[PDB]
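>
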Amino acid sequence: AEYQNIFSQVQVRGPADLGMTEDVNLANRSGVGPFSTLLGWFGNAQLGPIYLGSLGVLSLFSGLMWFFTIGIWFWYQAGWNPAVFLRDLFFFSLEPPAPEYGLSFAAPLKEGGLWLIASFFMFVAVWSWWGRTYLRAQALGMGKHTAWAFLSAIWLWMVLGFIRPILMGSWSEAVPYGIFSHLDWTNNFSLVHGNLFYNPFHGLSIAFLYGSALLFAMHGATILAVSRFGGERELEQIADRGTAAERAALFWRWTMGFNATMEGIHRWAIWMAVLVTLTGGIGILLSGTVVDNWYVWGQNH
Amino acid sequence: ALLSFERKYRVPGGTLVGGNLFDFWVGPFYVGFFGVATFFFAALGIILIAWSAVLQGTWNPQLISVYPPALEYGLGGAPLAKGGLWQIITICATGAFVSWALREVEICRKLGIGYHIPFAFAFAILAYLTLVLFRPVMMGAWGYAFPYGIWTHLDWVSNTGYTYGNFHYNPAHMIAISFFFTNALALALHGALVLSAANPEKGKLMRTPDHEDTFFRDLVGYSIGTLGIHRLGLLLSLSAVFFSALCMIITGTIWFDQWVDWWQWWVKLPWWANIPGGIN
Amino acid sequence: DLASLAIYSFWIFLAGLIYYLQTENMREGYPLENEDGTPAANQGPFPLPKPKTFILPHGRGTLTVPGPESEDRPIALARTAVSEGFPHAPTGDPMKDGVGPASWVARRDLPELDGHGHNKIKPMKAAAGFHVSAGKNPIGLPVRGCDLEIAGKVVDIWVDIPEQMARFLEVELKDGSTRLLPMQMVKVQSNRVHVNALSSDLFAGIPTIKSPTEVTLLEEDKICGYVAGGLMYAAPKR
Ligand code: BCL
Ligand code: BCL
Ligand code: BCL
Ligand code: BCL
Ligand SMILES: CC[C@H]1c2cc3[nH]c4c(c3C)C(=O)[C@H](C(=O)OC)c4c3nc(cc4[nH]c(cc(n2)[C@@H]1C)c(C(C)=O)c4C)[C@@H](C)[C@@H]3CCC(=O)OC/C=C(\C)CCC[C@H](C)CCC[C@H](C)CCCC(C)C
Ligand SMILES: CC[C@H]1c2cc3[nH]c4c(c3C)C(=O)[C@H](C(=O)OC)c4c3nc(cc4[nH]c(cc(n2)[C@@H]1C)c(C(C)=O)c4C)[C@@H](C)[C@@H]3CCC(=O)OC/C=C(\C)CCC[C@H](C)CCC[C@H](C)CCCC(C)C
Ligand SMILES: COC(C)(C)C/C=C/C(C)=C/C=C/C(C)=C/C=C/C(C)=C\C=C\C=C(C)\C=C\C=C(/C)CC/C=C(\C)CCC=C(C)C
Ligand SMILES: [Fe+3]
Numbered sequence: 001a002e003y004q005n006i007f008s009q010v011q012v013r014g015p016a017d018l019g020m021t022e023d024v025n026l027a028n029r030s031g032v033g034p035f036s037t038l039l040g041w042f043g044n045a046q047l048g049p050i051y052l053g054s055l056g057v058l059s060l061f062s063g064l065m066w067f068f069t070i071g072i073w074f075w076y077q078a079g080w081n082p083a084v085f086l087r088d089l090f091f092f093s094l095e096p097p098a099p100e101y102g103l104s105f106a107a108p109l110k111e112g113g114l115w116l117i118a119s120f121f122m123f124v125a126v127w128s129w130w131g132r133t134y135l136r137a138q139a140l141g142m143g144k145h146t147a148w149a150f151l152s153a154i155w156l157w158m159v160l161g162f163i164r165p166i167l168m169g170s171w172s173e174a175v176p177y178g179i180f181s182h183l184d185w186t187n188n189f190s191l192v193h194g195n196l197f198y199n200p201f202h203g204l205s206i207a208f209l210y211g212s213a214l215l216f217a218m219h220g221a222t223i224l225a226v227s228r229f230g231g232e233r234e235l236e237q238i239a240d241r242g243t244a245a246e247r248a249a250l251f252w253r254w255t256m257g258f259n260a261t262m263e264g265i266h267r268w269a270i271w272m273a274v275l276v277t278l279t280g281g282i283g284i285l286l287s288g289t290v291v292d293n294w295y296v297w298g299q300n301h
Numbered sequence: 001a002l003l004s005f006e007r008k009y010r011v012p013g014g015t016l017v018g019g020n021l022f023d024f025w026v027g028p029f030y031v032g033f034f035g036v037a038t039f040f041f042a043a044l045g046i047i048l049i050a051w052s053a054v055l056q057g058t059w060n061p062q063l064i065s066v067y068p069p070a071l072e073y074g075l076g077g078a079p080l081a082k083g084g085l086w087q088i089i090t091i092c093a094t095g096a097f098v099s100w101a102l103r104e105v106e107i108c109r110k111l112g113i114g115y116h117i118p119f120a121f122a123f124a125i126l127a128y129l130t131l132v133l134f135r136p137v138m139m140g141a142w143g144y145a146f147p148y149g150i151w152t153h154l155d156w157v158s159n160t161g162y163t164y165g166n167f168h169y170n171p172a173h174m175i176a177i178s179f180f181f182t183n184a185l186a187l188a189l190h191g192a193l194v195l196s197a198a199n200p201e202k203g204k205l206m207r208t209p210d211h212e213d214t215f216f217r218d219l220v221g222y223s224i225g226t227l228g229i230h231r232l233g234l235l236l237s238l239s240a241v242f243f244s245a246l247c248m249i250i251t252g253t254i255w256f257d258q259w260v261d262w263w264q265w266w267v268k269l270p271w272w273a274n275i276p277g278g279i280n
Numbered sequence: 011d012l013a014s015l016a017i018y019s020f021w022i023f024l025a026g027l028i029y030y031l032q033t034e035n036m037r038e039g040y041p042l043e044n045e046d047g048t049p050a051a052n053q054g055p056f057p058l059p060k061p062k063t064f065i066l067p068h069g070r071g072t073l074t075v076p077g078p079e080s081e082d083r084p085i086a087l088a089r090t091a092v093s094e095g096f097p098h099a100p101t102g103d104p105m106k107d108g109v110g111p112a113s114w115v116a117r118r119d120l121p122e123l124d125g126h127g128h129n130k131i132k133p134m135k136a137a138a139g140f141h142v143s144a145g146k147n148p149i150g151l152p153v154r155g156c157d158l159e160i161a162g163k164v165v166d167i168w169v170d171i172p173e174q175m176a177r178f179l180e181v182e183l184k185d186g187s188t189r190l191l192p193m194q195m196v197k198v199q200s201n202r203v204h205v206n207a208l209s210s211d212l213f214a215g216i217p218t219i220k221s222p223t224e225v226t227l228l229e230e231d232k233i234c235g236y237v238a239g240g241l242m243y244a245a246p247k248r
């Protein structure tokens, strides 16, 4: 058998890479963590360094508060018994306030207040982390793509628990923090709105989700098939096209009639995925606020 | 008809069957024995779908729908109008998919690249064959397979899912959904990365793979590497499909009850099975 | 209703995105040409995009695409039929002439630079702090060809510094001269290194580099292209 380049045959290690500097505040960067021989066979072996910063910490803190706040509640339902906790870990749940309380923060802790507490922490955690992925790129002088593509995910997240519950009149329409319970919520959201398979955005969402999985398979497999010509070095293959990007382009032209460029394929990649939560966000926002049943709508449009 | 850098690549050879007989192109499309093979299987199949359109009495795409034999026919053949067409079309679809794959192989041999593409395609080929071939044959009737209709096949999904309650509970389905969601997050990133590098703020210079690796170490404390993210992408994908095919081969064969009840094996563990409190 | 307005506005948006994406992918290769090299009559529905300029780091100038397309090299091929679409045959040694699976591109004759302007790929003997930290160490192992005959030995591993990764194996030949084999085309085994693409007698053919401490984009392409063409062209010996 020939070599497939899935796992490296020989690892090589040198001095820990402190990374580029540019306008980064080197006082916030931690110290290079260890080297993993494990991860080495697959990707880079170097863990760290990581950049902390004020925003990094605010987020990381909110993040644990959100995680602990839920857990305090799970232990509560487990009667502080370690065996129960482990046994029903999947069934516990932090439900939102009841319908009565509407959009107020008045609800008692034991019936949705604790949910509001948590969500607050999660609301801070997320956005702050967004800010972070924007500032880190600015420090390095790179484009804001990662920050923008992250917004797309924030979009759906925002609709599901904030935007939609506000437009409905109650925090009771948001998602509960629980493994099995948030699955149950999903199933209900479909039934109540007349089967989401009739929602055209949901239909499109699935298109891209499947598409993203098609595309990476394609892109991945491709770059590995011409790695033997230095394909993974995309950026320099952008500025100076090599035999790698040509054969790559030609395999797909000959196959399905058309192809991409070493820079273009990424523009496809970035959108294909971004649209998943883009269309999905819309689809969920128009559910219950404008369209009560997607089957009925599906009959008249 | 050619790309500015194409000619030098259009050389003879590489075919698996038929030497130089079909070794030629038509516009951008490369042909090859298998180029032909799928045209045959594709057209014949289309014809049959069109013929099953007249037997149903409609030409609307959103209504056409080729259904399989009824559970009464077992794994035998059936009359064209009552599942016999679906069975031949299925033979034709598989003939096209397979051929297409093999066609990509001959295109690789000519370009001297690796067989990663047609290898990754074989994974979708597998998913499909699980639904229309392996699951039915193990259950005992072509009827458990899905119909070829734009919406009718969505129903099949919806009906097949709710047969076992909330399908969400199938454990392999949960594993497969993870890989899908991940694989998208991943593709979203890898594409934004390579672009935020080649397209830096206005005026500045193209960044280097060094700034990429940097950028992520600062963000999450780790960078898989340009050869790694492409291995990962290829892996999150094929896996999400592997687990998907798996989550269905076990549904209706080794397990046919509500999926949500399968989770009792965990809660009914001697150690805590009786301890009071909690949810159970 | 609002929903109907939403989905339509979307399919409109989606068609403009498909338009945008497709043209972006036409920066290279276009405009198309006939087999004779002259511009083709039909270029498709999509137009060429407006030129964009990349300012390459380390004062290496700029790149504008789309731009004037030229192979900047000779193509030793000839037509095999009187009409379009048929294979073009190599008039010489496909391997030596650089055609088909052995094709290479005339990339800049400069080596790729890391973030700080230092050569990306260096032999390991001149790479400070780098060593083999896992797996078998190829260095010192005899290299075999697809014909099961020994063609040389490994005398060093060329590495990619910024990404810490093995990219080439410097091999010494019977005549004391070295060549580079792409890591990706060799199978490092316990007691040897097997190269399936080429046969013994073809190793001497592999294009050589001008400096002994660096490889230039061009040179990489020639080497990789040569080793890969062996797959199809060596075959009579493999
Ligand atoms: C995976 C589990 C279910 C299933 C569940 C769903 C669900 C759930 C949804 C779909 C949806 C779709 N499914 Mg499905 N689907 C299944 C199996 C198949 C098979 C097959 C050969 O087995 C095919 C061809 C399809 C095809 C399709 C698309 C028509 C549509 C999604 C767009 C998309 O982006 O797709 C991903 C692929 C790409 C982006 C690549 C481009 C491929 C194009 C889109 C193919 C068009 C085919 C055309 C309509 C059929 C032509 C046949 C002629 C004879 C040539 N499905 C299995 C049985 N499918 C979505 C929809 O909107 O439905 C109404 C949707 O919500
Ligand atoms: C029985 C129930 C219904 C149904 C009900 C729903 C409902 C209800 C919804 C979906 C949604 C989706 N459905 Mg559905 N769906 C059904 C059947 C299907 C089938 C199928 C083959 O049958 C398929 C392929 C899909 C596919 C999909 C996706 C396209 C889409 C979600 C995209 C996504 O990535 O979200 C995941 C992405 C996010 C949640 C993004 C936000 C993430 C945030 C920003 C990150 C937080 C991080 C946290 C703080 C950090 C954790 C990490 C730490 C290290 C611990 N559905 C059935 C018919 N589906 C969603 C949608 O958008 O629909 C339009 C949705 O609301
Ligand atoms: C889009 C429609 C629905 C929805 C539908 C589903 C469905 C359907 C499924 C999930 C599943 C999952 N969902 Mg969800 N989910 C929604 C919204 C969320 C919200 C937040 C919205 O803002 C979050 C964070 C989650 C998070 C999660 C994960 C805990 C879990 C998937 C693993 C994964 O690969 O994640 C992607 C994220 C990463 C790869 C990065 C971070 C890694 C995470 C933290 C790993 C979690 C591991 C888990 C705790 C393992 C336990 C096993 C131990 C042996 C005990 N969902 C919306 C409302 N979700 C799957 C599951 O298995 O559930 C039980 C599943 O089948
Ligand atoms: C209400 C129904 C149930 C449910 C019931 C089912 C059922 C039933 C099935 C799935 C399956 C899947 N479900 Mg579900 N599912 C539910 C809810 C969800 C949710 C959610 C957030 O709620 C999510 C994310 C998912 C996600 C998923 C996917 C992991 C998986 C389908 C992908 C796949 O197999 O592709 C694989 C890809 C293929 C099969 C296609 C193969 C394509 C072929 C090779 C090529 C075709 C080419 C074409 C003809 C060419 C056209 C050419 C023209 C020129 C264009 N489900 C609900 C709870 N789900 C399916 C699965 O696991 O399948 C194995 C499945 O059978
Ligand atoms: C097309 C949209 C797709 C997408 C894109 C996407 N996601 C993104 C991005 C993008 C483009 C980012 O840039 C951002 C990122 O940073 O990626 C590396 C991110 C991100 N996507 C995430 C999740 C995510 N994305 C999802 C989906 C998707 N993301 C879509 C498929 C999902 C699903 C499928 O539900 C999830 C769960 C986050 C991991 C990450 C953003 C991180 C964030 O918001 O963090 C706030 C911080 C916390 C909550 C910290 C606490 C975490 C745990 C509760 C505690 C345990 C861990 C902790 C490290 C322990 C510390 C212990 C101490 C002792 C030290
Ligand atoms: C890891 C697996 C992932 C993957 C990979 C993948 N797909 C691939 C490849 C790869 C690596 C290709 O090389 C190949 C390609 O050429 O892509 C451009 C392809 C491809 N993936 C395709 C589709 C596809 N992939 C999907 C999924 C996936 N593909 C996975 C996510 C899906 C989903 C999500 O359902 C679809 C629809 C094709 C566009 C393309 C292969 C094209 C091909 O084989 O064409 C010739 C075939 C015909 C002309 C067949 C017609 C056959 C019959 C005569 C009629 C139709 C019968 C059918 C049953 C009708 C169904 C109708 C539906 C409404 C139900
Ligand atoms: C081992 O034990 C310890 C003690 C260490 C802790 C263990 C913790 C455990 C076991 C935690 C388990 C938690 C789990 C499994 C949580 C799962 C959550 C899931 C599956 C889904 C979440 C869905 C939530 C989304 C939809 C939430 C969106 C929230 C928002 C958009 C923000 C909402 C904003 C509000 C209410 C207003 C706040 C105020 C303003 C206006 C700024
Ligand atoms: Fe890439």
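Residue numbers (PDB author numbering), protein chains in the order written: chain M, 1 to 301; chain L, 1 to 280; chain H, 11 to 248.
C-beta: ideal position from N, C-alpha, C; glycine also.
Can you grab the Cα-Cα spacing for the pair residue 8 of chain H / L38 of chain M, in whole Å?
In this structure chain H extends from 11 to 248, so residue 8 of chain H is not present and cannot be described.
> DSSP beta-bridge partners for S287 of chain M?
Taking the first sequence and counting its residues from 1, one reaches residue 287 of chain M at position 287. Bridge partners of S287 of chain M: M:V291.
> For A184 of chain L and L183 of chain H, I'd like the C-alpha separation in whole angstroms.
Indexing the second sequence from 1 puts residue 184 of chain L at position 184. Indexing the third sequence from 1 puts residue 183 of chain H at position 173. Rounded to whole angstroms, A184 of chain L to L183 of chain H spans 47 Å at the Cα level.
> With 16 as the cutoff for other CB atoms within 10 Å, does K220 of chain H come out buried or exposed?
Walking along the third sequence from the start, residue 220 of chain H turns up at place 210. Classification for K220 of chain H: exposed.
> Name the residue from M:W115, M:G231, M:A149 whose alpha carbon lies nearest to the alpha carbon of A174 of chain M.
Here residue 174 of chain M corresponds to residue number 174 of the first sequence, with the count starting at 1. Among M:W115, M:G231, M:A149, the Cα nearest to that of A174 of chain M belongs to M:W115.
> Going by DSSP, which residues form a beta bridge with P133 of chain H?
The residue given as residue 133 of chain H occupies position 123 in the third sequence. H:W168.
> Which of the three DSSP states, helix, strand or coil, is assigned to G162 of chain H?
Sequence index remark: in the third sequence, residue 162 of chain H carries index 152 (1-based). Looking at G162 of chain H - three-state DSSP - the assignment turns out to be strand.
> Residues of chain M with CB under 8 Å from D210 of chain L, in chain order?
The count along the second sequence starts at 1 and reaches residue 210 of chain L at position 210. In chain order: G19, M20.
> Sorry if obvious, but does the Cβ on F74 of chain M come closer than 7 Å to a heavy atom of ligand 5?
As a position in the first sequence, residue 74 of chain M is number 74, starting the count at 1. Because no heavy atom of ligand 5 lies under 7 Å away, the Cβ of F74 of chain M does not count as near it: no.
> Does the separation of the CB atoms of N28 of chain M and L64 of chain M fall below 8 Å?
As a first step, residue 28 of chain M must be located in the first sequence, where it is residue number 28. As a first step, residue 64 of chain M must be located in the first sequence, where it is residue number 64. No. Outside cutoff.
> Is the beta carbon of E104 of chain L sitting closer than 8 Å to the one on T255 of chain M?
Looking up residue 104 of chain L in the second sequence gives position 104. Looking up residue 255 of chain M in the first sequence gives position 255. Cβ distance < 8 Å, so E104 of chain L and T255 of chain M count as in contact.
> Given that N52 of chain H touches chain M, what residues does it touch there, using C-beta distances under 9 Å?
As a first step, residue 52 of chain H must be located in the third sequence, where it is residue number 42. Going along chain M, no residue has its Cβ under 9 Å from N52 of chain H, so there is no contact; the nearest lies around 14 Å.
> For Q299 of chain M, which of helix, strand or coil comes out of DSSP?
What you label residue 299 of chain M is simply residue 299 of the first sequence in a count that begins at 1. Correct three-state label for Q299 of chain M: helix.
> Using the beta-carbon of each residue, which ones in chain M are nearer than 9 Å to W114 of chain H?
For the purposes of this step, residue 114 of chain H is taken as the residue at position 104 of the third sequence. The answer, in chain order, is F229, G242, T243.
> Would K202 of chain L be called buried (16 or more neighbouring beta carbons within 10 Å of its own) or exposed?
For the purposes of this step, residue 202 of chain L is identified with residue 202 of the second sequence, where counting begins at 1. Exposed, by the Cβ-count rule.
> Counting only beta-carbon atoms, is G125 of chain H nearer than 8 Å to chain L?
The residue you call residue 125 of chain H lines up with position 115 of the third sequence. At least one chain L Cβ lies under 8 Å of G125 of chain H.
> For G239 of chain H and chain L, any beta-carbon pair shorter than 8 Å?
Locating residue 239 of chain H in the third sequence gives position 229, counting from the first residue. Judged by the 8 Å Cβ criterion, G239 of chain H is in contact with chain L.
> Residues of chain L with CB closer than 9 Å to the CB of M158 of chain M, please, in chain order.
Within the first sequence, residue 158 of chain M is the residue found at index 158, counting from 1. Simply none; closest approach about 17 Å.
> So with Cβ pairs under 8 Å, would you call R135 of chain L a contact of chain M?
If you number the second sequence from 1, residue 135 of chain L lands on position 135. Taking Cβ atoms only, chain M never reaches closer than 8 Å to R135 of chain L, which makes this a no.
> Would you say the beta carbon of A81 of chain L is closer than 7 Å to some non-hydrogen atom of ligand 2?
By one-based count along the second sequence, residue 81 of chain L stands at place 81. No.
> How many Å lie between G141 of chain M and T223 of chain H at the Cα?
As a position in the first sequence, residue 141 of chain M is number 141, starting the count at 1. As a position in the third sequence, residue 223 of chain H is number 213, starting the count at 1. Taking the straight line from one Cα to the other gives about 32 Å.
> Comparing alpha-carbon positions, which option in L:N20, L:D155, L:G35 lies nearest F146 of chain L?
Position 146 of the second sequence, counted from the first residue, corresponds to residue 146 of chain L. Checked all of L:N20, L:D155, L:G35; the closest Cα to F146 of chain L is L:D155.
> Classify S200 of chain H as buried or exposed, calling it buried when 16 or more other Cβ atoms lie within 10 Å of its own Cβ.
What you label residue 200 of chain H is simply residue 190 of the third sequence in a count that begins at 1. Exposed is the call here.
> In chain M, what lies closer than 7 Å to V196 of chain H by C-beta?
Residue 196 of chain H sits at position 186 when you count from the first residue of the third sequence. The contacting residues are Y3.
> Could you tell me which chain L residues have their CB closer than 8 Å to the CB of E79 of chain H, listed as they occur along the chain?
Your numbering for residue 79 of chain H matches position 69 in the third sequence. Ordered by position in chain L, the residues that pass the 8 Å Cβ test against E79 of chain H are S4, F5.
> Consult DSSP for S143 of chain H and reduce its assignment to one of helix, strand or coil.
In the third sequence, residue 143 of chain H corresponds to position 133, counting from 1. The answer is strand: DSSP assigns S143 of chain H an E or B state.
> What is the rounded straight-line gap between the Cα of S65 of chain L and the Cα of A153 of chain M?
For the purposes of this step, residue 65 of chain L is taken as residue 65 along the second sequence, with counting starting at 1. For the purposes of this step, residue 153 of chain M is taken as residue 153 along the first sequence, with counting starting at 1. Approximately 36 Å between the Cα atoms of the pair.
> Three-state secondary structure (DSSP) at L73 of chain H?
For the purposes of this step, residue 73 of chain H is taken as residue 63 along the third sequence, with counting starting at 1. Correct three-state label for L73 of chain H: strand.
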